[PDB]
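Before any questions on binding or motion, here is one chain by itself as structure tokens, the form deposited in one PDB entry.
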């Protein structure tokens, strides 16, 4: 067991092993509070996330367990990973705080797109990295569900990592419509929206609400065709969709004029209304647009990920204990 030391900063209290020094707040949302630190064992600057109210309800405790299970499984250069996880508690009985440690990342893709216009070559590398990480995530039968620029960490090297594995601007239309059975291609839709924004410097679908969001989408990709309509089981959604005035599919070559024609072709394959027809992450990596980065031997898949716990109905204390088990059993990656 390490030696811990206590400290208060930004109201929130932090008790961390002495190996982590020079803590300074970096940014806090609803998830938790993040500090940048200097890791004396490795010499790296790290980000330390303290979970907030990790066991406030069965919802929180299950979420805490799910987060820790995911983070311990992710081992990929383009997916945020765990350098360390610790709790100051010496026993399950006092266990109530959970800290996570990862490499410090400078910015997110939102601060980069908003701070400068990116050349077509930068878009290639950035989107390539997203797709490489997405192929790994999807190979484990995991859907991100909330891909957007502020969820993509990037450093001054332009190396990118997916995090969290208006948000509505990037959600697939079938979600906008409440389809109960969306698949992993919902993430491909988000990547298309992100890629369009990097090329044009403007949000592709800046909807003011879910209804306007869908209107904007159909304006570009067109109203559903007969084959897609045959696939909608919700009688109210089918009724609503058919009641809409019919819109044609726009020519992206005109909408994204001046953009790389290879980029335009890939956008066409990602921003397809019928999710059955969207390009997968693996297929997208092989697209000519990424010829200068694509390496079929260096685009790995993930080990099987057991998600069975998701359908389990347990007490807060059992989720708490299972989270504790996962904290204790952690093995740090190879230095």
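Rigid core (definition): largest C-alpha set, two forms, superposition within 1.5 Å. Numbering follows the first chain given and starts at 1.
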| query | finding |
| --- | --- |
| Missing-residue flag, residue 114, threshold a third of other entries | yes |
| Size class of the missing deposited segment between residue 165 and residue 166 | 10 or more |
| Higher-scoring stretch by recorded Cα B factor average, 248 to 256 or 72 to 80 | 248 to 256 |
| Higher-B stretch (mean Cα B-factor, as the entry records it), 314 to 322 or 6 to 14 | 6 to 14 |
| Largest Cα B-factor, entry values, listed residues 133, 225, 173, 106 | 106 |
| Top residue by Cα temperature factor, when 264, 177, 152, 98 are compared in the entry | 177 |
| Third assignment of residue 31 from its chain's C-alpha B-factors | highest |
| Chain thirds of CA B-factor: placement of residue 297 | highest |
| Chain-relative CA temperature factor third for residue 57 | middle |
| Third of the chain's Cα B-factor distribution that residue 308 belongs to, per the entry | highest |
| Lowest, middle or highest third - CA B-factor, residue 188 | lowest |
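Another form, the form deposited in another entry, is not on view; read the next lines as being about it.
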property	result
Shift of residue 30 between this form and the one not shown at or above 2 Å (CA, core fit)	yes
